[PDB]
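Input: a single structure, listed below in structure tokens.
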There are 4 protein chains.
Amino acid sequence: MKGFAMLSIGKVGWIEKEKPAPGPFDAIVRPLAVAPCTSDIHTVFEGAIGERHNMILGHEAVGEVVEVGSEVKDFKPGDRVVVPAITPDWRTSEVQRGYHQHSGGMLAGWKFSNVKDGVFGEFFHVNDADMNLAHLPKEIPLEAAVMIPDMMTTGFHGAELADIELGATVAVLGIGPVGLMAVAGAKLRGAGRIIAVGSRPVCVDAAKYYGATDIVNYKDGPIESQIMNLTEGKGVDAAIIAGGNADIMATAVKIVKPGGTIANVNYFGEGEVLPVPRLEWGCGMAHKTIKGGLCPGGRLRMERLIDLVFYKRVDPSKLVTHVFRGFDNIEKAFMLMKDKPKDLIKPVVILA
Amino acid sequence: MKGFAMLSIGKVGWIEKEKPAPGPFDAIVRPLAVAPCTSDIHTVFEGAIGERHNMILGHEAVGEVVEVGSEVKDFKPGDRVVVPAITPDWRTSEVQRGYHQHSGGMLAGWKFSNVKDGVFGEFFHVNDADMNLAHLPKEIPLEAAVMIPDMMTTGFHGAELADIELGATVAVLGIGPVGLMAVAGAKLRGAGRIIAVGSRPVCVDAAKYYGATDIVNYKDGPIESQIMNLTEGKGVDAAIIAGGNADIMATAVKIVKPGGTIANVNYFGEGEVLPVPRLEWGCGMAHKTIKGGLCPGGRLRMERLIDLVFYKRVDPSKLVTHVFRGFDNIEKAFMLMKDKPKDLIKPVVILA
Amino acid sequence: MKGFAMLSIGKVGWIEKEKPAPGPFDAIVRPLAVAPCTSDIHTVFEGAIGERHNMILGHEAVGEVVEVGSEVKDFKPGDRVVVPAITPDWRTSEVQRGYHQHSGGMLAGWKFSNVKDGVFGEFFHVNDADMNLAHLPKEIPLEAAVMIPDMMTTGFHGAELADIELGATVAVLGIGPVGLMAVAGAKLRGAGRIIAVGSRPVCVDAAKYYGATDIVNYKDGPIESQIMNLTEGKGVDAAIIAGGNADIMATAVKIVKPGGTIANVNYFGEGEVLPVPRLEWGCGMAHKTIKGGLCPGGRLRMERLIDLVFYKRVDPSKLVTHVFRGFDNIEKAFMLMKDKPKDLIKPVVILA
Amino acid sequence: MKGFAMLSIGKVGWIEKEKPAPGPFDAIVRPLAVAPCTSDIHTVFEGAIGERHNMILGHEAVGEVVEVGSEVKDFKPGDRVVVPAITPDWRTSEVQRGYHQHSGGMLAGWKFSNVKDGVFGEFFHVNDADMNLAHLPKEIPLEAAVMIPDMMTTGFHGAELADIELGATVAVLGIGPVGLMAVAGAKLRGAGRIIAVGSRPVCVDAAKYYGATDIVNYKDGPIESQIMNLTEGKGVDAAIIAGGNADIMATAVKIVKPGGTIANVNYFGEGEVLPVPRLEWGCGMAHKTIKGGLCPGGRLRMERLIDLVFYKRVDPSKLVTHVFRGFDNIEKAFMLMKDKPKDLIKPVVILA
Ligand SMILES: [Cl-]
Ligand SMILES: [Cl-]
Ligand SMILES: [Cl-]
Ligand SMILES: [Cl-]
Ligand SMILES: [Mg+2]
Ligand SMILES: [Mg+2]
Ligand SMILES: [Mg+2]
Ligand SMILES: [Mg+2]
Ligand SMILES: [Zn+2]
Ligand SMILES: [Zn+2]
Ligand SMILES: [Zn+2]
Ligand SMILES: [Zn+2]
């Protein structure tokens, strides 16, 4: 089996492994469309996950079931499905506590390209298919559906974590593809004014498209000072962090009103301490709740979002700026993620 | 002072009372636009709230502050403001418990046209100006603003009480002006498929406009059996009741899945017991939570929805089907509410 | 294998079935202690759950794992374990919605003595041992442990659903074994004044022992008015229904303040509609949230409640008012529950 | 009027000011018992809240209404009341958002000894008497009652923020007088195992009394490793921070399992950044919510805790280790808090 993988930190390239075999509850899927995530980049050229040798990359795919186990009941070979980035083992302690994201350990929900070969192969292995796969309606285009596995649940679980109230003002720090979905999520939660913080013209134009009402470029002065003016010094009702480094946490706390929420879905890789300003955090009493969690995965999550797209509630189409064909391009698309052109948001390779 | 009021049960007609005086914290407002509510009808021709003599009617109004109290600080004469239906007394017990709608009593938050003279007068009295009035931006049309005081908050509170989840399937029972806002509400909470239950063609055409994805007319079979078909027998994740009589509660509990929520914002007046089917209510264990409450009021509440319209989040314009002029029409508009023409949703009289 | 079962409605008696075989993920447990539930009585002598033939009864058991499936990993033969009444199939949809009680259907989480042979046999079958069993520390006495599987979770789930707040005033309608644990539940959620509604002298004495501060005997006038008296017409903050018929739902709504919550864990069998007084329910607007759900089950639920006992948080012992020995007795103890002696609360049969 | 106050940072001593005059809705109270707060110490010898000149200190008092406003209706001279540390202005925006602690600004609800003269005087001023005062039952001793205004609400609010679940394991970092009330609050939220982290013997003896089941003395190794052991490496379900500096935040995040809650009610005064270890915070994805808010104040809050004491649900008595008589000792008591003797927890001076 041919598959684009991580060779060792700082080194990738196509390799060959043995086609996976489904367990009684698993399914083997053949990619139809995939996408590279900035996370893979950090995983390969920054060892964000530790050292890994010959691990196929990728965790965002839409495929066709080619083989199922003896115990799979809802998916048969030939079925078109959307595959979640998070594919947990549903029979664990934490699944009973309500946090499947952490089934069997912190961030254990995430398997693809972490402790299991990713989706960038001629085939890949999905565990517990009846629990972790969702059928793909034929009316939803491959390009768009692939934004569902990770971009859309991360952005949306940003908006979810914020406890956004009807007509509340929400600030989104980081307008990348995840931020763009976090902006759409704030709009899906009844957000009134949505202040998107970003500087890429391609990202800002998309943000306005998804509901952004005010754009804030940091190259105009401090973010906390700009948001404060925009809100007559009232601050925002919530702040969703979708990107940036450690610092961005301080910004968040400073622009959020007392009793406000700061929801984080960004993956910090630098330093070892995320800054929480004690003065603006009411010396630990301003009731500014800070949240931060991995995006939900699993069938239901996928089906939920799939309806959101099916009923024109949101269209992830705008996130895809590049489209390529054939496996060979999985590599071209990948690198494209390492050096973000000013016209790039999210590339996708149809696998025809 | 001139004002259209309720004389005796079944009897209305213009009367004259003394122009009200502000307290140190209250304000006097001169209406700029108002709307009759079916409530008033029930209040007069059905004494839904008891016997009342010479009570100026109306509780939905957008006006101008003509006179403030000595202690009012955020409102002066000349200011255009939206006056919420619910204008509670913020210094009570229930306010500390978080239920201003019941400040000082059950539904005591509601004063206008209940224990206070309505807004259908040359002038009306608004208690606690700084806590119960909200500035109306010039860009928002009066026809529209007037829908915020009661229709939008009630409709929206329906969605709010429902505990909708991203992608969740919501069913709204009753597509009246309130139900229509409940349909926009659910869509504002990120509902996916929204099933609107109603028959009036003028109502359904709006329902589609506000997010309904499927129309269910009881004239085609039992509602419960239809929703069950549309949802492959899965049922809905939540059902908002915005109209109907006692029965409808049974429908609700029957269409919602175990674990779902039945949110009610409808005003039931007959019978003395609301039906909750034990069988499909899991014999008291299918976790189908039932909620029901008076719409929130107050400045903040209004502010929030004012922003929703301000940010083209939702447009209440479509609720206004008829626009009249001058006080005199407050009566034609009132009657018009009694006998709902097949082309009427919500009548509004401008400038008086 | 010998086992006391339900032959047909109104008829019970011992029968013999073949000893169950564990699936790769199940376990075979040998009871060490068990207890009859009023639900068995109704299930048999009132077909509360339909016609059943040769169905071993009982669902509250403590025992020893005698055989495990090839895939079980946390349980081995010889282990002492507490077995939850609810033993769901954790790989279902509703488990992703957060309601394992309804995994695969409304109330589907409950298998023992419903769709699966009960625990009143020389052996019984527990599905998904790692997800549905919990180790029993030797320091906890069997008489006590057996109260955890159903009585404890149900009563505690009463308090839980009640949304009790520190110092809140709770009322427990029905002080049977479940009400008793609902009384300890409220105390566990930091309830201040706890009003227990009941007449049996043996129950009231236990109620006082678990935290009730006032006793209300319906034999002294209408409950609704008596509680109104005790609370200067303020009413209670929440009302936990732990027994009664359908009429109790009304009493509940009537004693709860606007914004309060009615939490019901009682299994209603009569009639086909649970009354909800529209008047005192604010005509559908006093915000009186009504909740009612089956008790949670599974390993975790059992581990949590086990620690409560282990750390002397609560002592179920007082619930056990009779102790028998040997299977023979499983029948005498069964009958004992049909005709509640004025000195009975909960009988338990030791060792098998 | 005689009163012990803050002359300027680092300097204190009695001073004289004019007896305060009640506004239409206020009340003047004469102290019957009061107590020093570690915070006054910081506020004075560490300017934790800025420079201040001649500000009467203290915020924890039980007194006698000596004069009420013309508008006050629930309080008359002679009445014995408990006066909450937090005494907000109930007619603000933040109050409609449900955070009276921040009425008029961040932490703005805390007036006493912050922006208003404290309770350490012959008389003191209480704004909004009907909203911010609560009657003290004669059965509750003064020593005990003075522990309600700040210690109890803060400790309890810690447990409240933690989102503790029945049987959940909770850790309390810091067992000071507030931490002792968080240990009590945890037990009041249904906690099973409660791990108290502290070294002062008089504090641990009290900790055990309030429900602590395990004592962790940092002088035996790293707290995180000790808790990890005690918990088989599982970690705690919640961590309430009631003392320590910045670092303690790191400890919390390191001992709480994924999906756990770090609830802070500690007042941090050093540095400008509270540490949040990215590694063990799941790099911003371990779903380890961090909370932290000012203790609730107001009449209702006080009435709730008063009931808790009235129904022997908790007894603050053991927090009081010293008692003194007359004003003169308010200073002896104050200094007693600056240099914590090994036998001190909370000093109270009776008869003002
Ligand atoms: Cl704003
Ligand atoms: Cl559907
Ligand atoms: Cl009371
Ligand atoms: Cl443990
Ligand atoms: Mg579909
Ligand atoms: Mg505006
Ligand atoms: Mg243990
Ligand atoms: Mg009392
Ligand atoms: Zn990416
Ligand atoms: Zn109307
Ligand atoms: Zn029973
Ligand atoms: Zn203190």
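Remarks
- Inter-chain neighbour count for A:107-117: the average number of beta-carbon atoms from partner chains within 10 Å of each residue's beta-carbon is 1.
- The mean number of Cβ atoms from other chains found within 10 Å of a Cβ in peptide C:160-171 is 4, as a whole number.
- Here D:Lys332 and D:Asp74 are evaluated by their C-beta separation; at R0 = 25 Å the FRET efficiency comes out at 0.10.
- Within 10 Å of the Cβ of each residue in B:251-262, the mean number of Cβ atoms contributed by other protein chains is 3.
- Protection proxy ranking, peptides D:326-339, B:296-309, average beta carbon neighbours within 10 Å, highest first: B:296-309, D:326-339
- A:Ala134 sits among other residues whose Cβ lies under 11 Å from its own Cβ, and their net charge, with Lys and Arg +1 and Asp and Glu -1, is -1.
- The shape of region D:162-292 comes out rounded: with a ≥ b ≥ c from the C-alpha gyration tensor, a/c is under 1.5.
- Rounded to the nearest Hz, the phi-derived 3J(HN,Hα) couplings of region B:189-197 under the Karplus curve 6.51 cos²θ - 1.76 cosθ + 1.60 (θ = phi - 60°) are 9, x, 5, x, 6, 10, 9, 9, 9, where x marks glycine and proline.
- Calculated FRET value between D:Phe310 and D:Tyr209, using beta carbons and R₀ = 25 Å, to 0.05: 0.80
- When the square roots of the Cα gyration tensor eigenvalues are ordered a ≥ b ≥ c, the ratio a/c for chain D is 1.5 or more and a/b exceeds b/c, which makes its shape prolate.
- The packing ranking, built from the mean of other Cβ atoms within 10 Å per residue, places the peptides D:86-99, C:271-284 in the order D:86-99, C:271-284, highest first.
- With a threshold of 20 Å on the Cα-Cα distance, the over-threshold entries among B:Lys312/B:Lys332; C:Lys187/C:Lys208; C:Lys73/C:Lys111 are B:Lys312/B:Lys332; C:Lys73/C:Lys111.
- Region B:162-292, dipole about Cα centre (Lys/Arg Cβ +1, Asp/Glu Cβ -1), debye to the nearest 20: 220
- Cα pair distances exceeding 18 angstrom across region A:223-352, given as percent: 69
- Taking Cβ atoms as reference points and 11 Å as the exclusive limit, the residues near B:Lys17 contribute a net charge of -2, counting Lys and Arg as +1 and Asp and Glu as -1.
- Built amide H within the under 5 Å cut-off of D:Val265, gap 5+: D:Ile241
- Between C:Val115 and C:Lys219, full extension at 0.36 nm per residue minus the direct alpha carbon distance yields a gain of 33.5 nm.
- Computed E for D:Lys340/A:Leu279 - FRET, C-beta separation, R0 41 angstrom, nearest 0.05: 0.95
- Distant-in-sequence amide contacts of C:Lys116, defined by a placed amide H-H separation under 5 Å and a gap of 5 or more residues or a different chain, comprise nothing.
- Expressed in Å, the radius of gyration and Dmax of the Cα atoms of region B:1-138 are 14.6, 41.
- Mean residue ellipticity (222 nm) of chain A, computed from DSSP H runs ≥ 4 via -39,500 (n - 2.57), nearest 500: -7000 deg cm²/dmol
- Spatially, region A:1-48 and region B:269-330 are offset by 50 Å when compared through their Cα centroids.
- Extending 7 Å from the Cα toward the beta-carbon at both D:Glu270 and B:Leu351 defines two label points whose distance is 7.1 nm.
- Over the C-alpha atoms of the protein assembly as shown, the Rg to Rh ratio, Rh being the Kirkwood estimate, stands at 0.96.
- Under 5 Å, built H, 5+ apart or other chain: amide partners of C:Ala168: C:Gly192
- Relative protection proxy for B:179-191, B:34-46, C:122-134, from highest mean packing down: B:179-191, C:122-134, B:34-46 (other beta-carbon atoms within 10 angstrom).
- Computed about the Cα centre, the dipole magnitude for the protein assembly as shown is approximately 0 debye when only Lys and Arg (+1) and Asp and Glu (-1) carry charge, each at its Cβ.
Every number here is computed from the coordinates shown, using simple stated rules; none is lab data. All Cβ positions, even for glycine, are placed from backbone atoms using ideal geometry, and neighbour counts span all protein chains on display.
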